[PDB]
């Protein structure tokens, strides 16, 4: 099973990807997580994203396309995968189409802009696994600790309010057109498209998605 998650920054894609990964046994491909990992480890493929993410700008299509191709070519992706934050632009989506990377579901997370800022300020992350929590809306079982490893959670470096707003502007300019892109694909029978209300509680969004995936 191959899935794309579409949605604005902070819409909850990473949150719901964990449940889909757990239940269907497919790896999460989060280009944001992969880029931050490459910066932290100084990997030749990705370390260039340091200054770009710090400026709250998008990374070149060329770099993330290469990262995704490398990641997809791994053993754990022959049985499907979930794309989280990719594709982010029309060229990235065209790059998948050119490579024959068809997908079974495209799932759009609808969240009003006005909710994004308050979500990000409360976000806490477990960098090794990409698991994310919210101190108010989705807290860990123990404050400041990852539910899985018990390790101390951190805050992402690019989560200042000004940076979130810059990322939302880029989303609407560059990424929102993917709604129509994949709606057209679904109308041609190439994928299943579904829009979910991302303002519901986490467990309810999970249930709505479970009803789609089966």
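Numbering follows the first chain given and starts at 1.
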Mean Cα B factor from the PDB record: higher for 133-141, or higher for 77-85? 77-85
With respect to the recorded C-alpha B factors, which stretch has the higher mean value, 3-11 or 205-213? 205-213
Specify which of 51, 61, 170, 151 carries the largest Cα B factor in the deposited PDB entry. 51
Tell me, please, which of 183, 175, 31, 155 has the highest C-alpha B factor according to the deposited entry? 155
Among the chain's modelled residues, which third holds the C-alpha B-factor of residue 23? highest
Binned into thirds over the chain's modelled residues, the C-alpha B-factor of residue 190 lands in the highest
So, residue 95's CA B-factor, relative to its chain, sits in which third? The middle
Lowest, middle or highest third: which one holds residue 121 when the chain's residues are ordered by CA B-factor from the entry? highest
Relative C-alpha B-factor of residue 127, binned into the chain's lowest, middle or highest third: highest
